[PDB]
Structures are given as structure tokens and as C-alpha cells.
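Novice: My sequence and its experimental structure, below.
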Amino acid sequence: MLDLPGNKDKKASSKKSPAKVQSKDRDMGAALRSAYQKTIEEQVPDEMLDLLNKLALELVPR
Amino acid sequence: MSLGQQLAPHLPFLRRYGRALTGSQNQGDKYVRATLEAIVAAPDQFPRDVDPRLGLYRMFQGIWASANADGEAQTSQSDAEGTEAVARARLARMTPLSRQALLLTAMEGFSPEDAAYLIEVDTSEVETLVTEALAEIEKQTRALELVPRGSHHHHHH
């Protein structure tokens, strides 16, 4: 008395598909995004990375 | 090379919405700088391998959540008339977190799974938070009027 396989199954496809993000929150998402895109159309500080100039970018001559 | 090449290109993103999560430039400037100083002694707590932006937001909200938990902060506000007061003057009744889920799923396209990790809830809870957010949007977009009435009677007065 014994048995053996003869079939199989899966739950994935190792693949991906496109999407949409303008038919689930309408233009309201672009309204908020545009108001704060303006916040990125400008310069940035650097004093925060100067806090790294004492632990990840130090140097000494000679 | 170094953290700066993964901090600088996302450095202003903490003010890209911090300007409306506390309503003050003095608070927004000290939160981003206090977020960095809180990592000068624990850079292992600031990974970016999950996403180049998911780690930036986790540490910034950590300082903010510690501020209102000690009275060092209060509810948000605005100082403009068409770029942050617009997000207040029309949504002054949305809960303090569905507004974060809104900027997390209508401005960033991120999945609900990592968006749930960004507010420490389950995936299905983010789905509810955005469903209630868009419901309060489509209902009014500016709350121009209200009418709680709908019925009457004429045999008791």
C-alpha cells in the first residue's frame, strides 16, 4: 500500500501590474500635492548634516 | 556614500507636510533638527533600505509624537490663505490621523501595508481611515453650509 503525487498548484506569479491613483481620491490628491510641491521647488538647509561632520566625515591633517 | 546621500534629497520632505502638522515654522525647524540630533547617537535606528522616504517620516513623527505627549506641542494651525490654510479651513473636523493617511495615499502612492507601519496600525485600518477621509471630502470640500433638520410635527406644540 502506497501513494504518489500527480498534480500541483501555486499562489504567486513572480510578476507585477500597473495601477491608478487619480480614480480613488480624485483630483483632491493633486490639489494637496501641488500646494506642497512648491515647498520642494526651493533650497534646503545643511546644518543637520553638519551634525554628521562630527561622527561620519571628520578628518585631521598630517 | 554616508547618510547625507540619502538624507539631503529628502531633507525638505519633513517640512513638505510638517508645515501643516504643527502650523509653525519655528516648530517645523526644531522638529527636523531634533530628529537628526536624536540619531547622532543611534544611526542604527535610521535605516533606508525599506524605502528612501519611509525612514525619514518614521523619525520625524517620533519627535512630534513625543512633543504632544508632554505638552511641548498642541493641535495644528496655519499662517497663510491658500496653501496650508486651505487644508484647514475645509477640513477643521477631520481626525488628527485620517489627514495623515490622506497625504500618505493621495500624495505618495505608497501601499497600505507600509502606510500602516507609518501610523502603527493594521493594513485594513488604513483602508478605513482613507475611506472616511474621502467621504468627508466628497460631502462638502469646504463645509459652506449645514442642515441637521429633516422632519417636523404639528400635534405636540
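Specialist: Nice, thanks for sending it over. Numbers count the residues shown, from 1 in each chain, chains lettered A, B, ... in the order given.
Novice: who touches the residue in chain A that chain B sits nearest to in this structure?
Specialist: Ranked by Cβ to the nearest Cβ, the top residue of chain A for proximity to chain B is residue A:29, at 3.1 Å. All C-beta spots, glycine's among them, are computed from the backbone N, C-alpha and C. With contact set as Cβ atoms under 8 Å, 6 or more residues apart in numbering or on different chains, residue A:29 has these partners: A:21-22, B:106-107.
Novice: Would you mind giving those as CSV with secondary structure added?
Specialist: Converted to CSV, the contacts of residue A:29 look like this (DSSP: H, G, I helix; E, B strand; the rest coil):
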residue, secondary structure
A:21, coil
A:22, coil
B:106, coil
B:107, coil
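Novice: List only buried entries from these.
Specialist: B:106-107 (16 or more other Cβ atoms under 10 Å in any protein chain shown).
Novice: rewinding a little: SS state for the residue of chain A closest to chain B?
Specialist: Going by three-state DSSP: residue A:29 is helix.
Novice: Look up the closest residue to residue B:60, ignoring the ones flanking it.
Specialist: Excluding its sequence neighbours, the residue lying closest to residue B:60 (Cβ to Cβ, 6 or more residues apart in numbering or on different chains) is residue B:14, at 4.6 Å.
Novice: Please list the residues of chain B that sit near chain A.
Specialist: B:2-4, B:7-8, B:11-13, B:15-17, B:19-20, B:32-33, B:36-37, B:40, B:43, B:83-84, B:86-87, B:102-103, B:105-107, B:109, B:130, B:134, B:137, B:141 (Cβ under 8 Å from any Cβ of the partner chain).
Novice: now residue B:59, what's its secondary structure?
Specialist: Following three-state DSSP, the label given to residue B:59 is helix.
Novice: Just to check, it is in contact with residue B:38?
Specialist: Yes: with contact defined as Cβ atoms under 8 Å, residue B:59 reaches residue B:38; the gap is 7.0 Å.
Novice: I appreciate the help and will end here.
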